[PDB]
Structure formats: C-alpha cells, structure tokens
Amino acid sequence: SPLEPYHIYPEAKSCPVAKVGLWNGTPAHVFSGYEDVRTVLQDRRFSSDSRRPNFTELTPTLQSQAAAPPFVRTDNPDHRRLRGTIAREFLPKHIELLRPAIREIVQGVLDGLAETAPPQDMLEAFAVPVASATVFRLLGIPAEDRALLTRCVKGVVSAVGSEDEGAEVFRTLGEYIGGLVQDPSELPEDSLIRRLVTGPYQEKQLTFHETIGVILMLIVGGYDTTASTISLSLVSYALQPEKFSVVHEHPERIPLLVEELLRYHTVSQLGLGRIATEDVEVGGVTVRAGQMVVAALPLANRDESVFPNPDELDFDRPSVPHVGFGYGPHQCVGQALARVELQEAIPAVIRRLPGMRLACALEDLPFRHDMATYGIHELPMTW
C-alpha cells in the first residue's frame, strides 16, 4: 500500500516504542506516538549533533557529512547562531510578500502547458518547475546552474547511494556553492544568497564553510519535498477529486486543506534521528545515554488518538497541528514558504485541469521507496 507509511518501520505496528536496526545495524528506539514524538523533539536531552559518538544518520549518504554537517545537525550554540543568519528571511510576514510572485510562477507554468497534449508527467512538468523556480529565485541561483543543483540534490536525498558516493555529491555541491560565497557579484541584489554573503558572512558571524552549509541546506531542503508534496497531493486529487470541492466552494478553507495534505503525505518518511545525551525516560522506555532514537513523523501524523480515522484524507478534520515539519528547535525553517507554495499551486492546477486523472495504474507509479523523502519519480496524468 503506497499511500500508507507503515512499511518503513514495520516493528511499530506492534509497539509505540519499537527497537529497530538502522541502515548500518545501529540499534534505535522508534517512537510512533504523536505525544511521544513531540516530547522527544522538544527535549534538550535528544541531540542533533552528529559529532557525537554513535550518531547515526538514517542514510549512508548523509552519514558522510557527520563530522562537518550543516546546521540541521548541530545543537547550541552553533545551531542558534547559524539558523539565526537566515531566520528573518523565512518569517511568515516576509514570505507572505512573495505570494504574488509565487502565484505568477504557477500561472506561467500552467500557461506553458495550456496547449500541450496529455499525458504529462506532472512532477517534471508542474511540481518541480514551480517549486524549483520559487526557491532558486529566492536564493538568486543563475538559471544556467539549476540543472546541476537538481542532479546534486537527487544524489543527496538518495537512500541507496553509498557513504562514499554521498561524500562525492556533497563535494561537488560544496565546490559550486563556495564559488558564490567567494564571488557573489553576479547574483541579484535582492537575493537571499547575496544578502547572506554581504551581511552575516561579511560581518564575520559565520565562516566561509558554514556559509556553504547554510546555502547547501536551503538548496537540498528547498524544493524537493515541496515538489513531492504537490505531486502526492495530485495523486490524492486523481483518486478522490470530489474531496477537493473545497477549492471551488470554500476557498477560505484552502490553508486547512494544505495542512491535512501535509499530515497525510508526511514526505519525511524515515522520521527524524536524535541521540540521547543522558539516560531519559519517554513513553515508558528508558533511552540510554549515547543511544539513537527515531521520531517517526509519518506515524505520529496518523496516531488515531489524535487524528481519528487517520488513514483517511479528511479536509473537515478538527484542526490539530501535524508534525510533518518536525517540532522544537529544528522545526522546518522553510515551512512558511512551503505552505504558500502548496496553497497557490494545488488549487491553481485543480482549477485549470479539474479532469486530471492518473494516466497509469496506481500500482505502476514509481514511488520514492529508494529516497530519504517520499513522493514519485514520475507522475503520468491525463485530462
């Protein structure tokens, strides 16, 4: 069943706190309860510092960066400092100002397809163009460089690439970003990368390589999950288009509809790894100092004690906040941007192409079982 997340940590079907083996055999406790997952993610005893002995990334590719990771794998003081360099960019009030530009990106992509015959791969023809243009323009990345970055991101997010293969993709990506930090003069004045490089970095608030790290995370984080969420949401539309009547009849409920999609399609499918810094009791288990845990976001998001009939996509749910963007100090810095993109893209394409249906059988879609984040590798649609 590809629209349910239960195949990832099958041990969790039996225990809300399940002992499992990670990619390299390292033991971990997987927490699948909503309240437990929030507890873990907000507790200072569960570290994100990949420099700690035994810290295990959930893929080998990411393991390659554990000795010098970007800020997602730090605790304070570095975490606060490094996130602080770009935090202001991502405040909802600032991101809201980009809504008109985002709406025009969406419109332009749809206009581009207006005379194109189906079937179309809506990942490559819609979701990726929207999401990648949105972030790459925010960042200031030259149009000519975007294909390379796209290839690098795929490598970074692979759950099948080896640790050595991962090290190589990160080198390529890091060398590219480094060139921009050294010489940002061709980048637009109104760009996040130029502001970072001529602001905090010029003011010596973080190093050259830390600057690379911050930019790297925004490229890796900045469109792939958004594009995948758009795509999965279009699978949901194709299967049950009547549920999306909200888009037409009650447009004020679109933000809520987007939240339910983020709950249902928790694309951070492996959950979030943490390491205990001391012995900690949570959810009736004692996690020992130096041992790994996983906060299983997709499962927390289908905890029936919080979300009744959790396997149903239901846009009339009582509103409870999901944990699709994580929780606590690392909670997705990009979440406001993702939300604006989803709110603008999904309704627009449904309005333009309300007859959208899968062009192939659901079982023939290539789901992203081989990536750190879920979605589909291609989404053939007809109308």
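Residue positions are given as counts along the sequence shown, with the first one as 1.
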property	result
315-323 or 35-43, whichever carries the higher mean Cα B-factor	315-323
Segment of higher mean CA temperature factor, 229-237 or 171-179	171-179
Most elevated Cα B-factor in the entry, residues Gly222, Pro118, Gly273, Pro188	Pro188
C-alpha B-factor winner, where the candidates are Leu149, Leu218, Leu261, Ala295	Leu149
Among modelled residues of the same chain, the CA temperature factor third for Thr59	middle
Chain-wide C-alpha B factor ranking for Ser132, given as lowest, middle or highest third	lowest
CA B-factor placement of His209, once the chain's modelled residues are sorted into thirds	highest
Third of the chain's Cα B-factor distribution that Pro354 belongs to, per the entry	middle
Position of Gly328 among the chain's modelled residues by C-alpha B-factor, lowest, middle or highest third	lowest
